[PDB]
Amino acid sequence: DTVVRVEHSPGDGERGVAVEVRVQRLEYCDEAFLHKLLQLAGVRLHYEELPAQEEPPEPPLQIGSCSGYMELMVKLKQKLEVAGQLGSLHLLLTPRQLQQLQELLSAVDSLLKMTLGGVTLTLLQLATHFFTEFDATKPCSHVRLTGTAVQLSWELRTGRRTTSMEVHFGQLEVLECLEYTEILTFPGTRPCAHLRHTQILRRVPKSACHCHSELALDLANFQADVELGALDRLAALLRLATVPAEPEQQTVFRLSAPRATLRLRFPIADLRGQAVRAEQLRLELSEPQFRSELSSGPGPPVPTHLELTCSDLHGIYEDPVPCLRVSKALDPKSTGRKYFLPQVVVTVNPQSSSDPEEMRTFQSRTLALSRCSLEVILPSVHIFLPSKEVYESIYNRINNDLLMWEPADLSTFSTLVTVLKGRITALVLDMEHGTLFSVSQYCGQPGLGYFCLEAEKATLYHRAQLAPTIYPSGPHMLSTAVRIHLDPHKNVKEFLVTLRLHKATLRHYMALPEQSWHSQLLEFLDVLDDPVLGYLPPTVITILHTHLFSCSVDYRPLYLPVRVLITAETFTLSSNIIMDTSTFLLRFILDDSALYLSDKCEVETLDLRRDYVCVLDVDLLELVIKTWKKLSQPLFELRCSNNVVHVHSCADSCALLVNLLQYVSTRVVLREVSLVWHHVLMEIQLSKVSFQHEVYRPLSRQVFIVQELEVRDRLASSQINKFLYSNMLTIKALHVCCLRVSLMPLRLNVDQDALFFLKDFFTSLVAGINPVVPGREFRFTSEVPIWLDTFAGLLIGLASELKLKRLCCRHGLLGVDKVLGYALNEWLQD
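In the working numbering, the protein residues as written are -11 to 818.
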């Protein structure tokens, strides 16, 4: 006989649920291990007892009929362990507050249990009827905790019920609303899916329902989370109940394993193809990781962390193929035995809450303000799959799909990178101690940010083969601490690039043409391709303030240079004006450069000092060019307003320099030509030689216009004594073909050492400079009543005494016939 001897009984009927242990649609055939074989099928959490006065007009849909036989009914009163044929029921009503409070009130011993089949719970916050049917066996809105072969051991240590539960299987949680866009966890075997301590809801652990649920699931096997549409669709469903559509606990969620297959996809949600960010990103078979720490209340007053660790995880990222394929970090650092590893940290702060030192502190302050985040510490990863492209793929993905991923959480965020060794695979990575930075909306105002970069590298290494191996020589290298203060209203790209290449050698011109430089400018050149949403590409405009401090250049290759050494100190290309335009003001304010020449023109050159004797040093050269491609309308007005050019030399030195130069449109300089101290010492000056070539005179006036051409000295004499060719000595004032002279009171005072000592200097020149080829009407006057004291022999013998030629329209010269025109007629005086 089917003795029905059970019904609703006295119990703590919760606000949201009615405590009524009903055995419905079951033949309760009851026929200190006291067993009464029964059928408790039909226990129903119809619930809805609080709303609308029990909501009698609309009973809740969540209800269970035939929810497990539980026939065995093992053990009796005394650790009341029960071996059952019923797994559990599902309170489809809110599993955050109402169900938690009901459970806490009901619990208010160390009983165990052993269920059969792991009911498919569907707590959403007739699906709960499906959960009850699965208890009989035991697109979206399909949250399911169904261990097919339930190994649940309900520890249920009620002694404030400090409960516990260890299982050997796992659920499959498509967590979605109340396109396969939710997680698809498939942990299944005990280590393979070691589900542990799922719920507490007890005031003993925490003091929602004071869980303190340390669900520190420690599995060690595949447990593949095959698909994960978003991280954010995870914070909302955890803080709020749920706000998706068709489209005082401290949850410490720990997870450590050697192997757990996984997929990570970014969060790009409408509320706050697929998501743009990091297309096809997989941390495949990496360490389990993805350990979280959350809270029931929205807008967590305490911050939310999300850590990660991996030794050499083979995470195929953005896969074609990974841009970085292994953490590959064998980087011992400390005095003790250490093995550095990677990590991807996240630190979210509630919305509306409350350069070694400049770049660090600025982005530390930017990290103290969080509306999103991202962080990496890669010791020696530097990795890239054999199929990878830093030049192209990294640009196409990790720069476009980087910040346009709906950055907001409860868009002031931060970003850091840190590498002790780097490899830019395809090529001179040279990377040691480098970083990358990014900010958005500094201090809250859009348009303010701090982009930075640091490293310490070897300057120039070539590619396909062999490295150039430059930099054989406490600011760091490539300290590209650019500044951006763009305006959304203007909607234009502004850059304040405070570049600093300290003591580098930034040359890439390997072959005779700029071949490896061509490679560098075909790889590196890409101006922030930004087709992402919310950024229609702003028109590019650049304003550089670069500082190539101490960027020595001594290996500039050509057909046959001779170990050429040019030791610049400061190359301050402070282009305060926009470069990408017709006009470009470029104040090259250099500081005391120099030059040194090697042994012999044929490429091989050795000497005692490769930092050899000085040849042509400059005190300062403020070449403030304003190229119009001083109000000079003419195109390319290279007004190199140079300050001065000191030159020191010996006959061999300048001869070798001339061999080096031989073998290897207004231009108004007003530039002092030489305070030349030029073994011999013989001062020569040429002050304010305004060689404004092509200034006008109609075609290349090219006026020497030499304001002073005093040949200070020659021969062995270094002291100034007035030799000649305010003064305005336009010796070469030209046209299209003319010449002149300044009529100085005394021009040729030749009585010092040997007037033919410069002749033997010319002989030593032709001995050094092996090839010496040059061995309207002009009116090429000498135009000076010469106060004199072989022409040199007669000058020496005589040492007023001569007269000016006044060769009006003589045209005796023809570029090679100057001597012929000088030989016209005869003259002598005194």
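Note that CB positions come from ideal geometry on N, CA and C, so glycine has one too.
query, result
"Measuring straight from C-alpha to C-alpha, what distance separates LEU81 and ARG145?", "26 Å"
"Taking the alpha carbon of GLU69 as the point to measure from, which residue in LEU111, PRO545, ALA396 and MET102 has its own alpha carbon closest?", "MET102"
"Out of curiosity, what's the CA-to-CA distance linking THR447 and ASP418?", "8 Å"
"Mind reading off the beta-carbon distance from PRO175 to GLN211? Whole number of angstroms is fine, and I expect it under 8 Å.", "4 Å"
"Taking DSSP as the reference, what is the three-state secondary structure of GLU346?", "helix"
"Assign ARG265 to buried or exposed, taking buried as 16 or more other Cβ atoms, counted over all protein chains shown, within 10 Å of its Cβ.", "buried"
"Three-state secondary structure (DSSP) at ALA396?", "coil"
"For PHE278, count the other beta carbons within 10 Å of its own beta carbon; 16 or more makes it buried, fewer makes it exposed. Which is it?", "buried"
"Please classify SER352: is it buried, with 16 or more other beta-carbons within 10 angstroms of its beta-carbon, or exposed?", "exposed"
"Let me know the secondary structure DSSP gives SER368 once reduced to three states.", "coil"
"So for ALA71, helix, strand or coil by DSSP?", "strand"
"Between the segment 112 to 120 and the segment 57 to 72, can you find at least three pairs of beta-carbon atoms closer than 8 Å?", "no"
"With DSSP run on the structure shown, which of helix, strand or coil describes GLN503?", "helix"
"By the three-class DSSP mapping on this structure, what secondary structure does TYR438 have?", "strand"
"CB-CB under 6 Å to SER98, same chain, minus the five flanking residues each way: which ones, in chain order?", "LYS67 and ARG145"
"What do you reckon, are the CB atoms on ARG495 and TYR543 nearer than 8 Å?", "yes"
"In the structure shown, what three-state DSSP assignment does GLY763 receive?", "coil"
"If distances are taken between C-alpha atoms only, which option among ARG270, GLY135 and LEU183 comes closest to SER152?", "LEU183"
"Would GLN237 and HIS198 qualify as a contact pair, given that the criterion is a beta-carbon distance under 8 Å?", "yes"
"Rounded to whole angstroms, what's the CA-CA distance from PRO773 to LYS617? Just pull it up for me.", "47 Å"
"In whole angstroms, what is the alpha-carbon distance linking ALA95 and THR177?", "31 Å"
"Checking 8 Å against the spacing of the C-beta atoms, do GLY135 and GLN113 come in under that value?", "no"
"From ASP580 to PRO434, what distance separates their C-alpha atoms?", "43 Å"
"Inspect the beta-carbon positions of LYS65 and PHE21 and report whether they are closer than 8 Å.", "no"
"Apart from the five residues on each side of it in sequence, which residues of its chain come closer than 7 Å, Cβ to Cβ, to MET670?", "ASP701, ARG702, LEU703, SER705 and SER706"
"Between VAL405 and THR354, which are expected to be in contact by the criterion C-beta below 8 Å, what is the C-beta distance as a whole number of angstroms?", "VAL405 to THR354, Cβ: 14 Å. No contact."
"Under 8 Å, do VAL131 and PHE157 count as touching if we go by C-beta distance?", "no"
"Please classify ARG221: does DSSP put it in a helix, a strand, or coil?", "helix"
"Is the segment 654 to 663 touching the segment 766 to 782, taking contact as three or more C-beta pairs under 8 Å?", "no"
"Helix, strand or coil for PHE559? Go by DSSP, reduced to three states.", "strand"
"On the DSSP letters alone, give me the boundaries of the alpha helix (DSSP H) that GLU91 sits inside.", "86 to 95"
"DSSP three-state label for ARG227, please.", "helix"
"When burial is assigned at 16 or more other CB atoms within 10 Å of the CB, is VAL724 buried or exposed?", "exposed"
"Taking only the alpha-carbon atoms, compute the straight-line gap between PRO374 and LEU487 and give it to the nearest angstrom.", "32 Å"
"Drop a sphere of 10 angstroms on the beta-carbon of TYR57, count the other beta-carbons inside from all chains shown, and report buried for 16 or more, exposed for fewer.", "buried"
"Where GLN12 and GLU(-5) are concerned, what is the direct C-alpha to C-alpha distance, given to the nearest angstrom?", "8 Å"
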